[PDB]
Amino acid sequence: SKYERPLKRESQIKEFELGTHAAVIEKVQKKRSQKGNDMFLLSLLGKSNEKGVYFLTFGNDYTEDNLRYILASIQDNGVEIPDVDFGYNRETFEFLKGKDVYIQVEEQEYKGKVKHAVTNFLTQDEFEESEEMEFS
């Protein structure tokens, strides 16, 4: 094919350790998956510069519930959830950017490659239940 300038790629030097972490959604991209689903690609920034990615895929039974947990995590980091129809729309897209969240980070295999993946957005209850088990 003919050359077409490709995009700058973000350096993902450092992953999240396994467990629960406070993180901020440092970026939100609108993309389409390889199987042709509309998704929001949440980029996640930790307090020691840990980078992580999360895919909010649309057009299935879980999408609604999935996003409610993202919103609930935002709510419990001290932000009011506005009166808007949440889903595949610009309000939702813009609302997520820059927000404090609680994330879970589990291991995950794919093509025999193990990485630390962001799996879930946690409520206050879930974040503390997990965090109050750790010994300094």
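A residue's number is simply how far along the shown sequence it sits, counting from 1.
Q: For the stretches 45-53 and 28-36, which has the higher mean C-alpha B-factor as given in the deposited record?
A: In the deposited entry, the stretch with the higher C-alpha B-factor mean is 28-36.
Q: Between 55-63 and 96-104, which has the higher average C-alpha B-factor in the PDB entry?
A: Mean C-alpha B-factor is greater for 55-63.
Q: In terms of recorded Cα temperature factor, pick the maximum from 122, 114, 118, 23.
A: In this record, 114 carries the highest C-alpha B-factor of the candidates.
Q: Splitting the chain's C-alpha B-factors into thirds, which one does residue 76 fall into?
A: Its C-alpha B-factor, which the entry lists for residue 76, ranks in the lowest third among residues of this chain.
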